[PDB]
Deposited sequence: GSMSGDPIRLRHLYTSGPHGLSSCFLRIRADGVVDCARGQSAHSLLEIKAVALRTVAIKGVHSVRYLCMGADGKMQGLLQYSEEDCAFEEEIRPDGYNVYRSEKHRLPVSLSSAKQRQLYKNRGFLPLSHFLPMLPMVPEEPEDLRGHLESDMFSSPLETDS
């Protein structure tokens, strides 16, 4: 099962707007608003486990050294499969078992709300 969403977070001071963006060059960063490279495919691999892929970069969201996120053309479940956990604020944490860390865009910037796209689209 697939959801097309944009993942939103903000920082500890609550001033920023950060949509997780997987760029064509593999950099993962923040965008202020929803854009083409922030549209993500969140695939429910099993139970609460997800794989997340940038629709337009066709890159998987993967965790590397120190928990630093990157976009890779090839999926590796150990680095790119996450446990999706709802939090009291209504946002999710995406936990990497291998890395023992949450997905974060720094932890700050680790609660992500899957927001619907402002316009419709098919996978």
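Absent C-alpha positions map to the deposited sequence ranges 1-6, 113-125, 143-162, in order along the chain.
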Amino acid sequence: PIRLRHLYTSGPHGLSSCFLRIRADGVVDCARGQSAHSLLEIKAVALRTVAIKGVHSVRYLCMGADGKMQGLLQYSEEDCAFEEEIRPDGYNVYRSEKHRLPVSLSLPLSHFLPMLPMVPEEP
From here on, numbers count along this sequence of modelled residues.
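Remark: stretch with higher mean C-alpha B factor among 74-82 and 88-96 is 74-82. When the mean C-alpha temperature factors of 3-11 and 113-121 are read from the deposited coordinates, 113-121 comes out higher. Which of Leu61, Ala31, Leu47, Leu40 has the largest Cα B-factor in the deposited entry comes down to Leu47. Looking at the C-alpha B-factors along this chain, the one for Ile52 belongs to the lowest third. Ranked within its chain, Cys18 lands in the lowest third, by CA B factor from the PDB record.
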